[PDB]
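Participant: Take this structure first; my questions come after.
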Amino acid sequence: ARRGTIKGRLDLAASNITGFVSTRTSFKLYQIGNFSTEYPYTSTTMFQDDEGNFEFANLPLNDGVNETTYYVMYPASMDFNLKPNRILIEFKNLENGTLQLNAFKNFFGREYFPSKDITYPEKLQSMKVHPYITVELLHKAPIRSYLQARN
Amino acid sequence: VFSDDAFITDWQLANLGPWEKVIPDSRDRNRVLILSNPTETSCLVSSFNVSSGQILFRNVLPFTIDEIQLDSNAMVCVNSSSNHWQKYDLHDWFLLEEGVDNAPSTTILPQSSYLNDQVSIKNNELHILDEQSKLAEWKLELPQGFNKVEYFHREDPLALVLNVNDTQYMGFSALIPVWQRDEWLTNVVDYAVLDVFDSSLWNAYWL
Amino acid sequence: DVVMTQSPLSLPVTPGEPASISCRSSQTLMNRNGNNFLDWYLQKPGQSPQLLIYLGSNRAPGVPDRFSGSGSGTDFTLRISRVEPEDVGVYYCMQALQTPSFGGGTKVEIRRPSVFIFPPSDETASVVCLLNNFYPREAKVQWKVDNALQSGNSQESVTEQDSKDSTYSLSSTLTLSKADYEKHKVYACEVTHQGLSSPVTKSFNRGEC
Amino acid sequence: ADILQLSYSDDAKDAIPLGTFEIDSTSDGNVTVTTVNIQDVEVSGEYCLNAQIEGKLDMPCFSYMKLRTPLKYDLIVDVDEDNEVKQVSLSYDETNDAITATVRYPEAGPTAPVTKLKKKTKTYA
Amino acid sequence: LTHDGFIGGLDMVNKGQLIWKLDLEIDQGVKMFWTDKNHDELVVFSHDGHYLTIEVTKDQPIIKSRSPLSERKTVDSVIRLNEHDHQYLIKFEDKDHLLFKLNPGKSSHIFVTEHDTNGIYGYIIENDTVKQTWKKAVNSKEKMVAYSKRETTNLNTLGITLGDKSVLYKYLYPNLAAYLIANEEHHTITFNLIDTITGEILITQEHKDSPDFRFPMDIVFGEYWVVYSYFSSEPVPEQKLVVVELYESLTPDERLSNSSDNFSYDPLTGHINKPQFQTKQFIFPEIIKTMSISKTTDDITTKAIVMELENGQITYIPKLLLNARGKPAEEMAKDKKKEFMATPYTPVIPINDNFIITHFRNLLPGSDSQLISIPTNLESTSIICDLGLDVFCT
Amino acid sequence: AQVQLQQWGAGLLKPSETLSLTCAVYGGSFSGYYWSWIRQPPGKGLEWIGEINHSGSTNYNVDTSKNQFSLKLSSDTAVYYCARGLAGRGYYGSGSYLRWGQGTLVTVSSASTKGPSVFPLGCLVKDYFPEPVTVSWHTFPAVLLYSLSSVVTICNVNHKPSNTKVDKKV
Ligand SMILES: *[C@@H]1O[C@H](CO)[C@@H](O)[C@H](O)[C@H]1NC(C)=O
Ligand SMILES: *[C@@H]1O[C@H](CO)[C@@H](O)[C@H](O)[C@H]1NC(C)=O
Ligand SMILES: *[C@@H]1O[C@H](CO)[C@@H](O)[C@H](O)[C@H]1NC(C)=O
Ligand SMILES: *[C@@H]1O[C@H](CO)[C@@H](O)[C@H](O)[C@H]1NC(C)=O
Ligand SMILES: *[C@@H]1O[C@H](CO)[C@@H](O)[C@H](O)[C@H]1NC(C)=O
């Protein structure tokens with residue numbers, strides 16, 4: 001069968017943040033939609049380069065005429081604040097033969113799919129995935145700021 | 001409210017366990033990688049500045065120690081049931097490569113052989129020898145207990161690590177003692193709390 | 001291959017005085033660096049062995065300061081500065097250059113008498129004579145029944161010296177069949193011993209049992 | 001269909017029978033327990049009970065109690081979605097003046113709500 | 001007491017300087033107890049079956065006694081029995097129970113409760129002998145995952161009081177335990193609140209939202225409430241907390257039972273009052289490895305459910321935020337009946353970086369770790385420590 | 001003396017079958033030492049080197065399990081001891097065996113086991129097989145079947161191979 005590979009890149013490039021440890025940021029994948037394996041797929045990766053490339057590989061896939069699979073990515077860190085903070089990823093088996101990848105931009109505490117009775121509901125923002133998914137820091141507060149300041 | 005007592009009240013101790021393997025680092029020569037704390041499912045891979053204490057980072061890898069070997073550096077870790085393998089960079093824990101079909105290669109981590117090369121111990125005393133013209137520079141009196149010499153670097157940033165007692169490690173440099181570490185506390189099972197604290201009527205009026 | 005010879009096979013020494021044991025090897029044990037690869041071991045009676053000197057000249061952790069070692073090449077020597085009654089047991093050499101051998105067996109014996117007799121059990125019959133806390137180590141135990149000797153089934157067991165006083169102890173057993181045993185009335189264990197002066201006998205009739 | 005046997009035991013000797021009930025699948029998805037027979041015997045003291053449905057059910061000791069002869073207990077059988085006796089317990093209910101049998105279902109939990117995708121925020125704003 | 005044989009004393013102030021270290025020769029330690037109320041002597045149980053008695057002094061301690069148990073088998077666990085009788089119940093692997101009466105330290109039934117992954121068992125100690133009393137064993141495909149007992153708590157207020165000054169009379173019965181059963185072949189998690197003297201269940205509550213069973217699960221039992229945590233996929237794939245609160249009766253002013261004048265309740269008959277409950281569920285972002293509840297000298301301040309996450313970061317939330325009987329904050333407005341300062345429901349709980357203890361500390365706490373809480377004076381403050389590979393206190 | 005070794009094995013063997021013994025370590029640094037077996041046959045001697053390494057480097061005159069820290073041996077009557085030795089050289093080891101094991105007894109005999117009976121007098125034991133029996137709350141060497149006597153100066157005789165647990169007063 002065929003398997004899919006999510007690429008991505010946390011930038012750490014516009015900022016001067018370069019003294020980091022690289023073990024305090026871990027991205028996680030989970031599987032939500034229409035899996036048949038007796039357990040959803042789940043994985044946890046780390047960085048690959050100073051530039052910040054991360055990559056998943058050998059992800060399972062449903063196969064059929066148009067059958068889709070949905071994964072959810074949990075970009076997390078113990079130093080920074082990452083912007084989307086949950087990403088929905090869709091793999092679709094097009095009838096041509098090629099594999100279609102789509103990303104989206106959710107956030108913590110909303111349902112992913114609409115309630116099947118609402119006509120033309122609000123839809124998640126599409127996110128550009130061709131070179132790589134671009135997770136970004138918060139513009140206002142790149143640092144996590146555990147320490148409350150007295151006085 | 002935190003910044004006044006950020007580090008003052010917090011009480012954190014770092015335990016690396018009894019060291020199983022100490023691998024030198026090809027860059028930043030005063031730095032090593034320590035595989036320690038084996039168990040049935042995982043081990044603890046840490047990085048350690050050898051001219052100090054100051055553990056740099058730690059990671060719990062889900063592989064047994066015998067499954068972790070160098071390349072033919074790049075620290076290839078290969079499962080045995082399946083062939084899931086991960087190549088991790090030294091000097092930064094970057095997941096350099098991942099795969100399922102074939103491991104690139106391995107080499108078995110070599111045994112010490114520090115006798116016949118650099119060390120002779122006769123009169124309850126430790127002599128460092130050159131390989132040839134063994135003039136026996138840098139002799140040192142042995143400690144009370146002595147198990148083995150964990151690590152030894154002879155070039156310009158000279159560093160020596162002795163496993164002195166069963167769980168204590170002593171670090172010398174060019175010889176003066178530089179640091180001392182103890183991992184007797186690697187796994188706490190049960191606790192108890194010990195507390196420390198201070199320590200006719202007219203005659204009463206007068207006193 | 002390498003053969004190890006220990007010079008004294010038994011070395012009784014009084015406490016307080018120095019003692020020494022020697023050890024010789026066919027080949028040379030001199031490593032290129034200067035490591036000697038010879039170890040000295042002590043086995044207490046009824047115990048696992050202990051390490052005393054562990055690279056030919058060093059001293060193992062948790063050992064007194066009394067012990068020391070010396071030598072090189074094909075000769076080695078262990079030396080105790082002060083002997084005490086704890087230091088009793090077998091002493092062994094070992095060479096670690098190629099395939100260790102444990103050639104040795106020195107038997108420091110620093111001993112250079114209460115009499116008990118117990119009655120037979122309820123069932124056969126077995127009478128035991130116990131010579132407890134005797135130093136001279138030298139006794140013969142004999143039996144007397146109705147003035148008639150009984151030598152057969154005379155089984156003896158001697159324990160090793162103590163660690164504090166180093167006084168030997170032994171026991172002797174005469175086992176007879178109950179049918180054989182009860183025919184005679186009065187028994188006595190007789191001992192000729194060095195610590196006392198004249199041989200002594202302890203006697204029992206049936207009496208209580 | 002199935003028959004449940006209830007019997008108190010002296011904790012060493014043997015199971016002295018105390019009653020029998022039957023578990024009929026009356027509706028498609030609702031089992032009901034009816035008392036086929038209960039045996040009135042004089043009981044007092046600390047005993048450990050026993051439950052058996054012949055074939056696929058044996059609890060040797062589902063509870064330990066200090067019984068007194070005017071038994072006033074409810075035998076609560078506890079089942080799951082695919083009807084099968086999962087756990088039997090016995091409780092004190094004041095007004096029975098006998099042993100009666102009840103079925104208990106697992107009382108499905110909260111399933112708390114989450115923010116939803118709103119309606120027709122496509123051409124209006 | 002470490003995993004090897006090593007006792008040591010750490011100064012809770014001065015950044016954990018080591019006051020004294022004693023090296024045993026037990027080759028594994030299993031448990032540690034104070035021998036008497038005087039707090040001078042320790043008894044230490046070994047894995048292979050020995051027990052040691054140690055004299056704690058200001059100076060380096062002395063190992064005053066070592067001796068074997070009656071039966072030389074491997075020791076699984078030890079339970080401390082009544083303080084004054086100086087008894088211990090020792091469970092050997094091979095699952096054999098030994099009553100142990102060590103020394104003076106120089107019907108009044110006693111009930112015990114043991115739990116395994118197979119079920120909850122219970123025992124009665126009579127005439128210096130142990131006797132099996134009941135059993136609650138799981139099926140072939142079920143497996144018990146989390147279990148917790150009711151911690152003894154000082155009683156400050158007998159009932160929670162409402163706006164319009166009516167009181168609900170919270171349920172306070174001491175002999176309770178709570179546990180979770182994880183079932184494959186239906187993919188469900190069941191919560192049970194067992195009465196441990198007799199063995200009645202009194203509550204069952206099952207969730208079917210595709211639980212995972214590979215991510216850690218936990219339960220804690222408060223004074224009159226239970227909070228448990230598990231991972232789940234259906235509503236959103238996120239960590240989930242569930243809180244149940246127990247009351248004697250939900251009508252706003254009622255003691256349906258708990259007749260307090262002269263009744264002298266008898267729990268072994270089963271005559272006790274039965275609870276009523278109210279339950280809610282909350283969603284948490286991060287995977288919670290383990291949970292505990294804090295302690296103080298008098299249990300007045302809020303209980304501060306404290307959690308150790310997968311990262312090693314430690315975060316607490318007060319019990320006021322996890323409010324059953326909550327409302328969505330639309331129905332809290334001008335609802336005179338609610339409470340003083342009635343908190344709203346707020347199902348989604350976001351993580352607050354102020355409460356994250358271990359501000360910048362890595363704190364790799366190992367796979368087997370314990371969260372403990374030590375009370376102090378100055379009742380606002382309580383000490384919490386994490387024991388494991390890395391030992392930490394704050 | 002925290003790093004100490006515990007043994008398992010077999011007591012009775014007929015001629016011509018293999019003898020299975022197993023040490024187990026309870027201390028740090030399984031990797032860095034050579035773990036050797038040693039025999040003491042009765043008759044005042046010791047001789048063996050059965051060396052091993054963490055990466056299996058057997059050096060005979062010894063199976064390894066790095067998962068659970070238990071070297072294992074499978075091969076006359078003797079006492080068998082574990083060991084732990086310095087590892088200065090690469091593939092040879094350097095002896096210096098500290099932290100010996102408690103030692104197991106292996107008797108290669110033809111007959112079968114017999115429990116010890118008790119006949120108090122001090123406490124006396126009739127013909128039992130195999131060695132040893134341990135008296136508890138003074139002990140003489142056993143004499144060849146084997147019989148052992150003990151002085152009072154009470155008799156909890158224990159025999160693991162036959163599983164005999166007998167209590168008796170003098
Ligand atoms: C999963 O499959 C079923 C049947 O094919 C379908 O009804 C359902 O909508 C699918 N799930 C989702 C999230 O679409
Ligand atoms: C055919 O494949 C191309 C990419 O190679 C894709 O863009 C196109 O959508 C496919 N055809 C159809 C009908 O989808
Ligand atoms: C290790 O310690 C030495 C001396 O304290 C220091 O010079 C060096 O920079 C340290 N290594 C790193 C990576 O900081
Ligand atoms: C290798 O993968 C198998 C898959 O079942 C797993 O059981 C095993 O634990 C893995 N190896 C290690 C060292 O964990
Ligand atoms: C190892 O043992 C010695 C002697 O008891 C003692 O100094 C300490 O416990 C250890 N050695 C050192 C140098 O700390």
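Residues in the structure tokens are numbered from 1 in each chain, the chains being A, B, ... in the order shown, and ligands are numbered from 1 in the order shown.
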Could you pull the residues within 12 Å of residue E:58, counting only C-alpha atoms, minus those fewer than 6 positions along the same chain, as a VMD selection string?
Facilitator: (chain B and resid 194 to 196) or (chain E and resid 9 19 to 20 40)
Participant: Restricting the output to N, CA and C atoms, write the selected residues as an mmCIF file, in the first residue's frame.
Facilitator:
data_model
loop_
_atom_site.group_PDB
_atom_site.id
_atom_site.type_symbol
_atom_site.label_atom_id
_atom_site.label_comp_id
_atom_site.auth_asym_id
_atom_site.auth_seq_id
_atom_site.Cartn_x
_atom_site.Cartn_y
_atom_site.Cartn_z
ATOM 1 N N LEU B 194 10.586 13.635 59.107
ATOM 2 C CA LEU B 194 11.063 13.925 60.453
ATOM 3 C C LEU B 194 11.044 15.432 60.661
ATOM 4 N N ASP B 195 10.472 15.867 61.779
ATOM 5 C CA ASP B 195 10.257 17.278 62.064
ATOM 6 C C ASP B 195 11.286 17.793 63.061
ATOM 7 N N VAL B 196 11.716 19.039 62.862
ATOM 8 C CA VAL B 196 12.656 19.723 63.746
ATOM 9 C C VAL B 196 11.983 20.984 64.269
ATOM 10 N N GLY E 9 18.668 11.394 54.695
ATOM 11 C CA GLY E 9 17.909 12.531 55.175
ATOM 12 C C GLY E 9 18.239 13.798 54.421
ATOM 13 N N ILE E 19 21.943 15.531 55.089
ATOM 14 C CA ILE E 19 22.320 15.559 56.497
ATOM 15 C C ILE E 19 23.036 14.269 56.874
ATOM 16 N N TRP E 20 22.439 13.123 56.556
ATOM 17 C CA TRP E 20 23.095 11.848 56.794
ATOM 18 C C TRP E 20 22.614 10.828 55.778
ATOM 19 N N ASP E 40 11.018 8.130 66.708
ATOM 20 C CA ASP E 40 12.435 7.917 66.965
ATOM 21 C C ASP E 40 13.035 6.743 66.211
#
Participant: Give as a list in words the residues surrounding ligand 4 up to a distance of 9 Å, considering only C-alpha atoms and all ligand atoms.
Facilitator: residues 40, 41, 42, 62, 63, 64, 65, 66, 67, 78, 79, 80, 81, 82, 83 and 84 of chain B
Participant: Please measure the separation of atom CA of residue F:51 and atom CA of residue F:37, giving the value in Å to one decimal.
Facilitator: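 Interatomic distance, atom CA of residue F:51 to atom CA of residue F:37: 7.0 Å.
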Participant: Residues within 9 Å of ligand 3 should be enumerated using only C-alpha atoms and all ligand atoms and returned as a VMD selection string.
Facilitator: chain B and resid 28 30 to 31 48 to 54 56
Participant: Report as a Markdown table: every residue of chain D with an atom at most 10 Å from chain A, its closest pair of atoms, and their distance in Å to one decimal, counting only C-alpha atoms, with rows sorted by chain and ascending residue number.
Facilitator:
| residue | atom | partner | partner_atom | distance |
| --- | --- | --- | --- | --- |
| D:113 | CA | A:109 | CA | 9.8 |
| D:114 | CA | A:110 | CA | 6.1 |
| D:115 | CA | A:110 | CA | 4.9 |
| D:116 | CA | A:111 | CA | 5.7 |
| D:117 | CA | A:122 | CA | 5.9 |
| D:118 | CA | A:122 | CA | 5.9 |
| D:119 | CA | A:121 | CA | 4.8 |
| D:120 | CA | A:121 | CA | 4.8 |
| D:121 | CA | A:122 | CA | 5.2 |
| D:122 | CA | A:122 | CA | 6.3 |
| D:123 | CA | A:120 | CA | 9.6 |
Participant: Output the selection as an mmCIF file, in the first residue's frame - N, CA and C atoms for each residue.
Facilitator:
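Final output, saved to out_0.cif:
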data_model
loop_
_atom_site.group_PDB
_atom_site.id
_atom_site.type_symbol
_atom_site.label_atom_id
_atom_site.label_comp_id
_atom_site.auth_asym_id
_atom_site.auth_seq_id
_atom_site.Cartn_x
_atom_site.Cartn_y
_atom_site.Cartn_z
ATOM 1 N N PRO D 113 -20.205 19.485 26.886
ATOM 2 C CA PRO D 113 -20.277 20.099 25.561
ATOM 3 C C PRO D 113 -19.067 20.960 25.226
ATOM 4 N N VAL D 114 -18.910 21.208 23.922
ATOM 5 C CA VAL D 114 -17.777 21.939 23.371
ATOM 6 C C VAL D 114 -18.297 22.944 22.352
ATOM 7 N N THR D 115 -17.493 23.977 22.100
ATOM 8 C CA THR D 115 -17.896 25.042 21.189
ATOM 9 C C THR D 115 -18.068 24.507 19.774
ATOM 10 N N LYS D 116 -19.132 24.952 19.112
ATOM 11 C CA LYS D 116 -19.581 24.395 17.846
ATOM 12 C C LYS D 116 -19.315 25.356 16.696
ATOM 13 N N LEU D 117 -19.274 24.797 15.488
ATOM 14 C CA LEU D 117 -19.188 25.603 14.276
ATOM 15 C C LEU D 117 -20.532 26.272 14.019
ATOM 16 N N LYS D 118 -20.531 27.598 13.922
ATOM 17 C CA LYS D 118 -21.775 28.347 13.880
ATOM 18 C C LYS D 118 -22.389 28.269 12.483
ATOM 19 N N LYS D 119 -23.555 28.893 12.326
ATOM 20 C CA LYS D 119 -24.410 28.697 11.162
ATOM 21 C C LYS D 119 -24.257 29.853 10.185
ATOM 22 N N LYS D 120 -23.899 29.521 8.943
ATOM 23 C CA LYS D 120 -23.986 30.439 7.808
ATOM 24 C C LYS D 120 -23.193 31.721 8.042
ATOM 25 N N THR D 121 -21.973 31.578 8.555
ATOM 26 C CA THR D 121 -21.005 32.674 8.554
ATOM 27 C C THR D 121 -20.125 32.573 7.307
ATOM 28 N N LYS D 122 -20.801 32.595 6.157
ATOM 29 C CA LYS D 122 -20.175 32.582 4.841
ATOM 30 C C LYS D 122 -20.453 33.856 4.061
ATOM 31 N N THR D 123 -21.723 34.256 3.953
ATOM 32 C CA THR D 123 -22.130 35.443 3.213
ATOM 33 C C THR D 123 -22.681 36.549 4.105
#
Participant: Skipping near chain neighbours, those fewer than 4 positions away, what residues fall within 8 Å of stretch 40-57 of chain C using only C-alpha atoms, listed as a compact mmCIF listing (two decimals) with N, CA, C and O atoms, in the first residue's frame?
Facilitator:
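Result file result_32.txt:
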# COMPACT_ATOMS: atom_id res chain seq x y z
N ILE B 121 48.82 1.13 38.52
CA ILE B 121 48.49 1.34 39.93
C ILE B 121 49.17 0.24 40.75
O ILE B 121 48.82 -0.94 40.62
N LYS B 122 50.20 0.60 41.51
CA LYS B 122 50.91 -0.38 42.33
C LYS B 122 50.80 -0.14 43.83
O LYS B 122 50.23 -0.98 44.53
N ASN B 123 51.26 1.00 44.34
CA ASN B 123 51.37 1.19 45.79
C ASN B 123 50.17 1.96 46.33
O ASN B 123 50.32 2.99 47.00
N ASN B 124 48.98 1.43 46.10
CA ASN B 124 47.74 2.10 46.48
C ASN B 124 47.72 3.53 45.92
O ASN B 124 47.31 4.48 46.59
N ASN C 35 51.94 -3.10 35.84
CA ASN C 35 50.92 -3.78 36.61
C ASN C 35 51.32 -5.24 36.79
O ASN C 35 51.79 -5.88 35.85
N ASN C 36 51.14 -5.75 38.01
CA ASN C 36 51.70 -7.05 38.36
C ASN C 36 50.71 -8.20 38.18
O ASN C 36 51.14 -9.32 37.88
N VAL C 63 39.48 -3.25 54.24
CA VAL C 63 40.44 -4.22 54.76
C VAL C 63 41.26 -3.49 55.82
O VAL C 63 41.45 -2.28 55.70
N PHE C 67 47.54 -5.70 56.68
CA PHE C 67 48.00 -6.47 55.53
C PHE C 67 48.82 -5.61 54.59
O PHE C 67 48.56 -4.42 54.41
N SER C 68 49.82 -6.23 53.97
CA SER C 68 50.58 -5.57 52.92
C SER C 68 51.12 -6.62 51.96
O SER C 68 51.20 -7.80 52.30
N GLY C 69 51.48 -6.16 50.76
CA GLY C 69 52.03 -7.03 49.75
C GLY C 69 53.26 -6.41 49.13
O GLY C 69 53.49 -5.20 49.21
N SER C 70 54.06 -7.26 48.49
CA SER C 70 55.26 -6.79 47.82
C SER C 70 55.69 -7.85 46.82
O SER C 70 55.20 -8.98 46.83
N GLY C 71 56.60 -7.46 45.94
CA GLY C 71 57.22 -8.35 44.99
C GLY C 71 56.99 -7.90 43.56
O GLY C 71 56.37 -6.88 43.29
N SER C 72 57.52 -8.70 42.64
CA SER C 72 57.43 -8.41 41.22
C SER C 72 57.86 -9.66 40.46
O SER C 72 58.32 -10.64 41.05
N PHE C 76 56.39 -13.05 44.92
CA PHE C 76 55.45 -12.18 45.60
C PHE C 76 55.35 -12.61 47.05
O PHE C 76 55.57 -13.78 47.38
N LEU C 78 53.01 -11.78 50.75
CA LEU C 78 52.04 -11.15 51.63
C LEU C 78 52.62 -11.11 53.04
O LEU C 78 53.33 -12.03 53.45
N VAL C 88 42.24 -16.15 60.76
CA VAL C 88 42.34 -17.60 60.66
C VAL C 88 41.54 -18.05 59.45
O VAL C 88 40.41 -17.60 59.24
N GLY C 89 42.11 -18.95 58.67
CA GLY C 89 41.50 -19.40 57.44
C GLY C 89 42.57 -19.73 56.42
O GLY C 89 43.76 -19.66 56.69
N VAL C 90 42.11 -20.09 55.23
CA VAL C 90 43.00 -20.52 54.16
C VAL C 90 43.39 -19.30 53.33
O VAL C 90 42.57 -18.42 53.09
N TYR C 91 44.65 -19.25 52.91
CA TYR C 91 45.19 -18.15 52.12
C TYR C 91 45.62 -18.65 50.75
O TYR C 91 46.35 -19.64 50.66
N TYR C 92 45.18 -17.96 49.70
CA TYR C 92 45.38 -18.38 48.32
C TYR C 92 46.06 -17.28 47.52
O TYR C 92 45.83 -16.09 47.75
N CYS C 93 46.88 -17.69 46.56
CA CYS C 93 47.38 -16.81 45.52
C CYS C 93 46.42 -16.82 44.33
O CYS C 93 45.54 -17.67 44.22
N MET C 94 46.61 -15.85 43.44
CA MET C 94 46.00 -15.90 42.13
C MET C 94 46.84 -15.06 41.18
O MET C 94 47.30 -13.98 41.56
N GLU C 160 36.22 -26.33 63.15
CA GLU C 160 37.40 -25.50 63.01
C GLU C 160 37.49 -24.52 64.17
O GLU C 160 36.54 -24.33 64.94
N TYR F 81 30.54 -20.54 42.94
CA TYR F 81 30.48 -19.13 43.32
C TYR F 81 30.42 -18.26 42.08
O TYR F 81 31.06 -18.55 41.06
N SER F 96 41.09 -9.88 40.22
CA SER F 96 40.74 -8.98 41.31
C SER F 96 39.27 -9.10 41.69
O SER F 96 38.53 -8.12 41.74
N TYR F 97 38.84 -10.33 41.96
CA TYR F 97 37.42 -10.63 42.15
C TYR F 97 36.99 -10.20 43.54
O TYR F 97 37.36 -10.82 44.54
N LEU F 98 36.19 -9.14 43.59
CA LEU F 98 35.50 -8.69 44.79
C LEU F 98 34.01 -8.96 44.62
O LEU F 98 33.52 -9.22 43.52
N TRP F 100 31.96 -11.53 45.88
CA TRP F 100 31.61 -12.90 45.56
C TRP F 100 30.15 -13.18 45.91
O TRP F 100 29.51 -12.45 46.67
N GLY F 101 29.63 -14.27 45.34
CA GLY F 101 28.29 -14.70 45.66
C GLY F 101 28.25 -15.55 46.91
O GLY F 101 29.27 -15.95 47.46
N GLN F 102 27.03 -15.83 47.36
CA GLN F 102 26.85 -16.61 48.58
C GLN F 102 27.24 -18.06 48.39
O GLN F 102 27.55 -18.74 49.37
N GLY F 103 27.23 -18.56 47.16
CA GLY F 103 27.70 -19.89 46.86
C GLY F 103 26.64 -20.96 46.97
O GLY F 103 25.98 -21.08 48.01
Participant: Near stretch 147-163 of chain F, counting only C-alpha atoms, which residues have an atom at most 6 Å away, once you skip same-chain residues fewer than 2 positions from it, shown as a ChimeraX atom specification?
Facilitator: /F:115,122-127,133-139,142-143,165-169
Participant: Take the selection from the previous step and output its residues with N, CA, C and O atoms, as a compact mmCIF listing (two decimals), in the first residue's frame.
Facilitator:
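Result saved to again08.txt:
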# COMPACT_ATOMS: atom_id res chain seq x y z
N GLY F 115 14.45 -36.76 53.78
CA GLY F 115 14.25 -35.68 54.72
C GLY F 115 14.99 -35.92 56.02
O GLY F 115 15.26 -37.08 56.37
N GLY F 122 23.30 -32.16 72.00
CA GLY F 122 22.01 -31.51 71.91
C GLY F 122 21.13 -32.14 70.85
O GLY F 122 20.97 -33.36 70.81
N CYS F 123 20.56 -31.31 69.98
CA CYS F 123 19.70 -31.82 68.93
C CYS F 123 20.51 -32.62 67.92
O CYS F 123 21.59 -32.20 67.50
N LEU F 124 19.97 -33.77 67.53
CA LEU F 124 20.65 -34.71 66.65
C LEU F 124 19.77 -35.00 65.44
O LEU F 124 18.54 -35.01 65.54
N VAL F 125 20.42 -35.24 64.30
CA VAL F 125 19.76 -35.48 63.03
C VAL F 125 20.25 -36.81 62.48
O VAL F 125 21.46 -37.06 62.42
N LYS F 126 19.31 -37.65 62.07
CA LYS F 126 19.61 -38.96 61.51
C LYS F 126 19.90 -38.79 60.01
O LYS F 126 19.91 -37.67 59.49
N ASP F 127 20.16 -39.90 59.31
CA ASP F 127 20.49 -39.91 57.89
C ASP F 127 19.56 -39.07 57.04
O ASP F 127 18.35 -39.32 56.97
N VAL F 133 21.90 -29.28 56.06
CA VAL F 133 20.80 -28.88 56.94
C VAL F 133 21.32 -27.82 57.89
O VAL F 133 22.44 -27.94 58.42
N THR F 134 20.53 -26.77 58.10
CA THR F 134 20.91 -25.62 58.92
C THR F 134 20.08 -25.60 60.19
O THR F 134 18.86 -25.45 60.14
N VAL F 135 20.75 -25.73 61.33
CA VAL F 135 20.12 -25.58 62.64
C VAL F 135 20.12 -24.11 63.01
O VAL F 135 20.99 -23.34 62.58
N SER F 136 19.13 -23.70 63.81
CA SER F 136 18.98 -22.30 64.21
C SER F 136 18.54 -22.26 65.67
O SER F 136 18.57 -23.28 66.38
N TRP F 137 18.14 -21.08 66.13
CA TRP F 137 17.65 -20.90 67.49
C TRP F 137 16.30 -21.59 67.67
O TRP F 137 15.25 -20.96 67.59
N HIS F 138 29.09 -24.55 67.45
CA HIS F 138 27.81 -25.12 67.83
C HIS F 138 27.33 -26.17 66.82
O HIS F 138 26.59 -27.08 67.19
N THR F 139 27.76 -26.03 65.57
CA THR F 139 27.39 -26.95 64.49
C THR F 139 28.65 -27.64 63.99
O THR F 139 29.61 -26.97 63.60
N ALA F 142 29.23 -32.34 58.89
CA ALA F 142 28.47 -33.55 58.62
C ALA F 142 29.41 -34.71 58.34
O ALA F 142 30.54 -34.53 57.89
N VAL F 143 28.93 -35.92 58.63
CA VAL F 143 29.71 -37.15 58.50
C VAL F 143 28.93 -38.12 57.62
O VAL F 143 27.72 -38.30 57.81
N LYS F 165 10.60 -28.88 57.37
CA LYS F 165 10.56 -27.76 58.31
C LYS F 165 10.19 -28.37 59.66
O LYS F 165 9.00 -28.58 59.91
N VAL F 166 11.16 -28.67 60.53
CA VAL F 166 10.87 -29.35 61.78
C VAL F 166 11.41 -28.54 62.95
O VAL F 166 12.51 -27.98 62.89
N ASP F 167 10.61 -28.48 64.02
CA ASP F 167 10.91 -27.71 65.22
C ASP F 167 10.99 -28.67 66.39
O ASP F 167 10.12 -29.54 66.55
N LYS F 168 12.03 -28.54 67.22
CA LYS F 168 12.19 -29.45 68.34
C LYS F 168 13.00 -28.79 69.45
O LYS F 168 13.91 -28.00 69.19
N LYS F 169 12.64 -29.12 70.69
CA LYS F 169 13.32 -28.66 71.89
C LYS F 169 14.31 -29.73 72.36
O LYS F 169 14.10 -30.92 72.16
Participant: Distance cut-off 9 Å, counting only C-alpha atoms - which residues of chain C neighbour chain F? Return them as a ChimeraX atom specification.
Facilitator: /C:37-40,47-51,53-55,60,94-105,118-123,128,130,155-160,169-171
